[PDB]
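Novice: Position in the sequence shown counted from 1, then plus 898, gives you the working numbering. Where is the CB? At the ideal position from N, CA and C, for every residue including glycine.
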Amino acid sequence: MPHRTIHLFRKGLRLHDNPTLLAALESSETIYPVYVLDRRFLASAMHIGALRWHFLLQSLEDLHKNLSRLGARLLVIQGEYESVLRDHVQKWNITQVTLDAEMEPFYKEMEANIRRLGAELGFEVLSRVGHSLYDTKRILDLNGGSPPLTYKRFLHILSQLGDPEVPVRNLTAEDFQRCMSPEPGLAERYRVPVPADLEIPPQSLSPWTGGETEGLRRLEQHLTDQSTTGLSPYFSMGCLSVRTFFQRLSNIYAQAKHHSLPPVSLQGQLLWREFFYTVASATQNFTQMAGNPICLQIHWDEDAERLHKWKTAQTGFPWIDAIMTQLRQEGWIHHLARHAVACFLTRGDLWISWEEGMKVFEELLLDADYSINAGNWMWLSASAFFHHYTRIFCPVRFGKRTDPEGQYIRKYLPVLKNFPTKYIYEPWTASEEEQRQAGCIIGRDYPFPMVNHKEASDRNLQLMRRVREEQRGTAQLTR
Ligand SMILES: Cc1cc2nc3c(=O)[nH]c(=O)nc-3n(C[C@H](O)[C@H](O)[C@H](O)COP(=O)(O)OP(=O)(O)OC[C@H]3O[C@@H](n4cnc5c(N)ncnc54)[C@H](O)[C@@H]3O)c2cc1C
Ligand SMILES: [Mg+2]
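#1: For a minimum of 4 consecutive residues, which ranges assigned as the alpha helix (DSSP H) are wholly contained in the segment 1187 to 1223?
#2: Could you check whether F1133 and residue 1384 sit closer than 9 angstroms to each other, using their CB atoms as the reference points?
#3: Please state if the CB of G947 and the CB of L1262 are separated by a distance shorter than 9 angstroms.
#4: Say the cut is 8 angstroms; is the CB of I1270 nearer than that to a heavy atom of ligand 1?
#5: Kindly list the residues whose CB is nearer than 7 angstroms to the CB of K1155, restricted to its own chain and excluding five residues on each side of it in sequence; keep chain order.
#6: Determine the DSSP secondary structure at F1284, reduced to helix, strand or coil.
#7: Tell me the residue span of the alpha helix (DSSP H) that contains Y1049.
#8: Using a Cβ-Cβ cut-off of 8 angstroms (strictly less than) and excluding sequence neighbours within five positions of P1160, which residues of its own chain qualify?
#9: Do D1073 and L920 have their beta-carbon atoms positioned less than 9 angstroms apart in this structure?
#10: Helix, strand or coil: which one does DSSP assign to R902?
#11: What does DSSP give as the partner residue(s) for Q994 in the beta ladder?
#12: Under the criterion of a Cβ to heavy atom distance below 8 angstroms, does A1266 qualify as lining ligand 3?
#13: Just mark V1162 as buried or exposed, buried being the case when its beta carbon has 16 or more other beta carbons within 10 Å.
#14: Quick check: the Cα distance between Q1374 and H1286, rounded to an integer number of angstroms?
#15: Helix, strand or coil for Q988 per DSSP?
#16: Are the beta-carbon atoms of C1077 and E924 separated by less than 9 angstroms?
#17: Can you give me the C-alpha to C-alpha distance between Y1151 and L1234, rounded to a whole angstrom?
#18: Do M1001 and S1179 have their C-beta atoms within less than 9 angstroms of each other?
#19: Within the continuous beta strand (DSSP E) that includes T1372, where are the two ends?
#20: So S926 is in the alpha helix (DSSP H); what residue range does that whole segment cover?
#21: Nearest-angstrom Cα distance between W1106 and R1370?
#22: Is it right to say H952 is buried, meaning 16 or more other beta carbons lie within 10 angstroms of its own, or is it exposed?
#23: Less than 6 angstroms between C-beta atoms, sequence neighbours within five positions excluded: which residues of the same chain meet that for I904?
#24: Determine the DSSP secondary structure at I1270, reduced to helix, strand or coil.
#25: Say whether the segment 966 to 976 touches the segment 1237 to 1249, bearing in mind that this needs 3 or more beta-carbon pairs closer than 8 angstroms, one atom from each stretch.
#26: Quick one: Cα of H962 to Cα of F1283, how far?
#27: Does DSSP put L973 in a helix, a strand or coil?
#28: Distance check for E1303 and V1313, CA to CA, integer angstroms please.
#29: Please state whether DSSP places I1322 in a helix, a strand or coil.
#30: Can you name, in chain order, every residue of its own chain whose Cβ lies under 6 angstroms from the Cβ of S1269, other than the five neighbours on each side?
#31: Keeping to the same chain, check which residues put their C-beta closer than 8 angstroms to that of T1181; ignore five residues upstream and five downstream.
#32: Cα separation between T1300 and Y1306?
#33: DSSP on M1348, reduced to helix/strand/coil?
#34: Which residue comes first and which comes last in the alpha helix (DSSP H) that contains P1160?
#35: Label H901 either buried or exposed according to how many other C-beta atoms from any shown protein chain fall within 10 Å of its C-beta, with 16 as the threshold for buried.
#36: Using a 10 Å radius around the Cβ and a threshold of 16 neighbouring Cβ atoms, would you call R1204 buried or exposed?
Structure representation (structure tokens):
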């Protein structure tokens, strides 16, 4: 097998079900498994908070450990991807560059640029899809060329397509004997960087640890303990294959003689992911409002202070602030916690663009996912997909049903930990003497509520009603 190959990890930070890396190994005599840490590209294309960096560095360290166990290595190269490639195609006499075929426009532009560079430097470019359950083009083809815009129509198309794609085989030590992974000269240049190298606090205090190893452990541990799986960061980073997880769930359904539906329900979660991936792959301007053909055009308020309070857990609604605090401190929050804060920010209370919430979630979520994040933010703002706009989450009462003593609030907002339960969700209703007894003066130690919920939601309902009465055709696209 003739090629000398660089495999570029972008997502797909895993050795199981990695079709591109497998294709690289099967076509090559020499391989350099590379992660390019390109601060300029990342600065131009995304927003990445400290917890996300920690999770990435952990996933890269794990990939390096796992590659090393097979007699290979991970090479982390810090630089601009085009200049890195020009240098190392020369250094290593590269004839093929492989990379996962991601659907995100910034990854597609990178891929386009690498293919142009290949035509110039003399390397072929090979990419395989490892991020989706289905061949997205086949879904579009069955739907007439456009993406299904409802989950119902999506499931109808999938029922014509059949089963998802199956995972490819695991990589073996024998793969790296047939296709050698040479130790480059100056191999210290290619170490996974430590947090200090990224100007980031050295201690990761998120209960999540990145990497394929932990993703697989969690995956197997969830199937043993059985609250959701908590696997989203691993799917978003590609430490875990959705095709592998889907098939694992099919295996359980098979061993239960088709009598266990909880694995089927969980497969449905992956199908929601596929739904948004499919819409996102074929919709112009998917991650913004303007120019987005499925998105209601809503004159959201430009109020950076309102956004600032929401982002920094200073809304004065403890349920909202506790959730935003968990997001900031841990990088993951439950699906319905995301509903609560996203509705509050957008159609419910603050009337701030879903684009701004999306960007905050992008910075803070370990599982930040281009397609999922935008699709769900359009959903939670009733900009597309969701149409029950008279239903607004109550930032006080929703948590009361869930957690009447406010243990979650007391955990994430310790300033409120001594508030009697009758005030824990609305501490501004306590008398000043009760505030003094709790050791927490509202407006000083914890803010007053930034809006009157009833007034704000009343006003926003009227605005949303006008939008939907005027933009009927756009609303109907996703109904
Ligand atoms: C405003 C908002 C923003 C969101 N942003 C993201 C994001 O950036 N990344 C992300 O992975 N999820 C996002 N979600 C979806 C959802 O909240 C998370 O996928 C889920 O909380 C992850 O927890 P889990 O892995 O335990 O999920 P499980 O219930 O165990 O689901 C298994 C997997 O299915 C997928 N999935 C589950 N729910 C959804 C959904 N509603 N839409 C699409 N895929 C889904 C995820 O890959 C998840 O890991 C967002 C939801 C909202 C409302
Ligand atoms: Mg679930």
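Specialist: Looking at the atomic coordinates:
#1: 1202 to 1209
#2: No answer is possible for residue 1384: it lies beyond the span of the chain, which begins at 899 and ends at 1377.
#3: yes
#4: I1270: yes, Cβ under 8 angstroms from ligand 1.
#5: none
#6: Note: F1284 maps to coil in three-state DSSP.
#7: 1049 to 1059
#8: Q1124
#9: yes
#10: strand
#11: Its beta-bridge partners are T903, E1022.
#12: Questions concerning ligand 3 fall outside what the structure shown contains, since the ligands it does hold are ligand 1 and ligand 2.
#13: exposed
#14: 13 angstroms
#15: helix
#16: yes
#17: 27 angstroms
#18: yes
#19: From DSSP, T1372 is part of no beta strand (DSSP E) but of the alpha helix (DSSP H) over 1370 to 1375.
#20: Counting along the chain, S926 falls outside any alpha helix (DSSP H), though it belongs to the beta strand (DSSP E) covering 926 to 935.
#21: 43 angstroms
#22: buried
#23: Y930, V932, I992, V995
#24: helix
#25: no
#26: 41 angstroms
#27: strand
#28: 15 angstroms
#29: coil
#30: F1174, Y1175, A1178
#31: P1045, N1190, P1191, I1192
#32: 10 angstroms
#33: coil
#34: 1160 to 1179 is the span of the alpha helix (DSSP H), which, as asked, contains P1160.
#35: buried
#36: For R1204, the number of other beta carbons within 10 angstroms of its own is at least 16, and it is reported as buried.
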